[PDB]
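Form deposited in one PDB entry, single chain, as structure tokens, below.
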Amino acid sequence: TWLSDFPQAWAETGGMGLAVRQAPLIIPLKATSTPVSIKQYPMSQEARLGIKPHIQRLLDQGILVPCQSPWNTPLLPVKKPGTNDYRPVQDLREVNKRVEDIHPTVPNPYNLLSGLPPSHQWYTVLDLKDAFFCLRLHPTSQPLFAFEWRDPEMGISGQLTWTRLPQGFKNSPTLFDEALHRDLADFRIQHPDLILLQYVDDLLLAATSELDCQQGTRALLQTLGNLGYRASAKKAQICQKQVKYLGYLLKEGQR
């Protein structure tokens, strides 16, 4: 039982993650940027009620904190179903435009998979849960991602912001990918025979023998857990001959 031997490595039994080895991230602005404050678009009670539980959970988790900032972007009520449950989606486009660009270092899936040799037939796929939220944001950069939150009946001060790398920020995928690479560098050095592919929060470990894949997976889960990341036990594909990775179906070394 992998879930039992590695309690800390799974999102199911390890609690929200936090990359303890990673220094809080500082987000540099473009040379001429000035704060932009876009008023919150009026939200219906339906959308607000649907979103509230999520905001509360994040505040309880310390991922969202009250603040007073010259920056402000609108929260969008987005429901996946035909018209069911709502979830908060922040429109950070005006913030993204004022943030200095960085080199896109995340490889496209096609090129990433090209590094998978035929020799390693035993695959293991893990996806990290709430990956961006595992990376802390430096207090100086936190104000940048502020939005307004007002509960008609006892609403928070006014604005809330993130203490972790947020969704909707143009550099999140790249910064997370680079941070995880730094954290798993040693693991790669300690396991020369293993093949590890990283695509932001989607990991593929490849070994030659079921045994290698087994021991390798134990080591990877142990490492991820200690670093503060959390993998989804529900979606985990362990030591399989066939697995689904990045939209592909890896079987017999195909795709």
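Here, rigid core means the biggest group of C-alpha atoms that superpose within 1.5 Å across both forms. The numbering used is simple: start at 1 and walk along the sequence shown.
If you look for the form deposited in another entry, you will not find it shown, but the lines that follow are about it.
A.B. asks: Could you check which of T140, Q167, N96, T105 shows a C-alpha shift of 2 Å or more between this form and the one not shown after a rigid core superposition?
C.D. replies: Result of the superposition: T105 is the only one at 2 Å or more.
A.B. asks: For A185, decide whether the Cα shift between this form and the one not shown is 2 Å or greater, given a superposition on the rigid core.
C.D. replies: Stays below the 2 Å threshold, so no.
A.B. asks: Between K79 and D127, does the Cα distance in the other entry come out closer or farther than in this form, changing by 3 Å or more?
C.D. replies: It is farther: the C-alpha separation of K79 and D127 rises by at least 3 Å in the other entry.
A.B. asks: Please check whether, in the other entry, the CA atoms of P166 and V106 lie closer or farther apart than here, given a change of 3 Å or more.
C.D. replies: Farther apart, which means the C-alphas of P166 and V106 are at least 3 Å more distant in the other entry.
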